[PDB]
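The chain that follows stands alone, in the form deposited in one PDB entry, written as structure tokens.
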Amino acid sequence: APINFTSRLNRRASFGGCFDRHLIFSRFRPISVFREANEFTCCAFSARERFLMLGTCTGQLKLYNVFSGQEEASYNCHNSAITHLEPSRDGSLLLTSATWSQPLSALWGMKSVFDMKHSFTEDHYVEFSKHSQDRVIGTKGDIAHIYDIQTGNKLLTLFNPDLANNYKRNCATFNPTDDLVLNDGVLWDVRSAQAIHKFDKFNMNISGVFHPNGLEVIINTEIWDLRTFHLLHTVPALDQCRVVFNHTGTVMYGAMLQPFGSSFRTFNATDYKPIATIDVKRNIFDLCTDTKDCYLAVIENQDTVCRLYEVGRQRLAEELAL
């Protein structure tokens, strides 16, 4: 596994990927800028990724063509500022979440029949199930709510005050198998509706995220085994970071909090090894990746705007060899 790309490439024809991913995912290139016609809060790509979906501080939802950069539509969704967006991989549904205008979250039928499908009044945050997007999970303080999509009615609530950590930024979410839930640092067996384990609280304001392998749990800086429960690794750089993986499952995007700092960074999801630490030199509010590892959308202000990045290309400064 040589270091120099040209030597390593020659070995491919004759006879690894980490050094290649280290090269590509330390390189981010801004190409275009997405403004609004009359001088944002959230960002996400559509299902087939041909449009970009943006949330505003007035409760509106904007849609831009990634090819042209014009507004294709405009919608009013809430009376509070939008906080989070998540379309279904079907291309049929969308989830919204505002700050304080009840109902806080809602489920939406996409543009064909575009209309409100169900209401989620009590829940700030919302998130689809991972494998089969047939159920929906929402967060009310330290309480998790699991809902059905077609009926809109509630299936079960998950809370246990004897075991709570009372995290600030708590967000309950499913595992890739749809048979576990993590809330407030507590594993729940979805079927048996009981508690499995209560992780120790090492942070003030981070709940945790599952790893796609179904083997690990990512609390702030601690990787816990999902069955042994032993501490497997300590990743210091993830402190206060909201962690997103790419579609293939090889790379992590971490976002420093305190809504976010001036820099994000990328990690190698297999060995949790740092790749790079990119500094855009602006305050960051949201980010998301396409499933093609082509575009990176970032919201940031100088007046808030969404600047679009191309992956694998260099900035001019490093490209000028000073």
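Residues that one form lacks are left out of the comparison. Just so we're on the same page, rigid core means the largest C-alpha set that superposes within 1.5 Å between forms. Residue positions are given as counts along the sequence shown, with the first one as 1.
This protein has a second form, the form deposited in another entry, left out of what is shown; the following refers to that one.
Undergrad: Taking only shifts of 2 Å or more in Cα after a rigid core superposition between this form and the one not shown, tell me which of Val66, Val280, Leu287, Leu63 qualifies.
TA: The one that shifts is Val66.
Undergrad: With a C-alpha distance change of 3 Å or more, do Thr248 and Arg48 lie closer or farther in that other deposited form?
TA: Farther apart, by at least 3 Å.
Undergrad: Please list the stretches that shift between this form and the one not shown, defined as three or more consecutive residues with CA displacements of 2 Å or more after core superposition.
TA: Moving regions between this form and the one not shown: 47 to 50, 66 to 69.
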